[PDB]
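Okay, so here's the structure we're looking at.
Residue numbers (this note's numbering), protein chains in the order written: chain A, 159 to 282; chain B, 194 to 243.
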């Protein structure tokens with residue numbers, strides 16, 4: 159397989175606000191799999207945030223961001239979108255969109271590809 | 194601050210573990226290197242600007 163991920167969005171924001179991220183995929187993969195976002199805090203480990211199937215049927219979210227982050231999909235651009243609000247100080251980190259190339263998701267341990275880091279910073 | 198004092202640390206053992214444990218150092222903001230890996234990575238010189 160040969161898949162390229164283009165990430166867009168990020169910057170400096172105020173606490174409790176909303177910002178913009180979106181990831182597009184190109185190339186060719188084995189199958190139409192899941193797509194998710196991964197968070198890396200500075201000095202910490204890389205942990206997943208959520209995971210959405212390609213057909214927007216079932217959604218999976220982490221317990222730490224449930225009810226605060228959401229992810230949807232385009233209908234004419236093949237680009238995944240995500241929205242967030244009520245951002246807090248811990249959200250300042252580097253985000254990466256990742257493609258999981260299997261039909262049914264079991265766990266977030268095996269990750270196929272990674273995108274360029276998008277650093278988001280929130281403060282007063 | 195304008196006449197910041199410069200100190201150099203080299204040809205010795207760099208003990209960041211002592212620095213990492215004092216309560217008064219409330220502000221500890223590090224970039225480029227993780228705070229927990231300071232003693233692992235070896236650098237030729239350390240420059241302290243006080």
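Think of the CB as a built atom: it goes at the ideal place given N, C-alpha and C, for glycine as much as any other residue.
For residue 269 of chain A, no beta strand (DSSP E) segment is defined, and its DSSP state is neither H nor E. The beta carbon of residue 220 of chain B sits closer than 8 Å to none of the beta carbons in its chain outside the five residues before and after it. Counting C-beta pairs with one atom in each stretch, the stretch 168-175 of chain A and the stretch 231-246 of chain A have three or more that are closer than 8 Å, which means they touch. Taking the Cα of residue 168 of chain A as reference, the smallest distance to any Cα among A:235, A:250, A:267 and A:264 is reached at A:250.
Cβ contact annotation for residue 166 of chain A (same chain, cutoff 6 Å, sequence separation greater than five): 180, in chain order. Annotation: Cβ neighbours of residue 201 of chain A in chain B (cutoff 8 Å, chain order): 223, 227, 228 and 229. Between the alpha carbons of residue 187 of chain A and residue 241 of chain A lies a gap of roughly 26 Å. Between the alpha carbons of residue 194 of chain A and residue 203 of chain A lies a gap of roughly 17 Å. Counting only residues of its own chain and dropping the five nearest sequence neighbours on each side, residue 239 of chain B has a CB closer than 8 Å to the CB of 201, 202, 203 and 207. The beta carbon of residue 178 of chain A sits closer than 6 Å to the beta carbons of 167 from its chain, once the five residues preceding and following it are set aside; these are given in chain order. In the DSSP annotation of this structure, residue 226 of chain B is not part of any alpha helix (DSSP H), being labelled neither H nor E.
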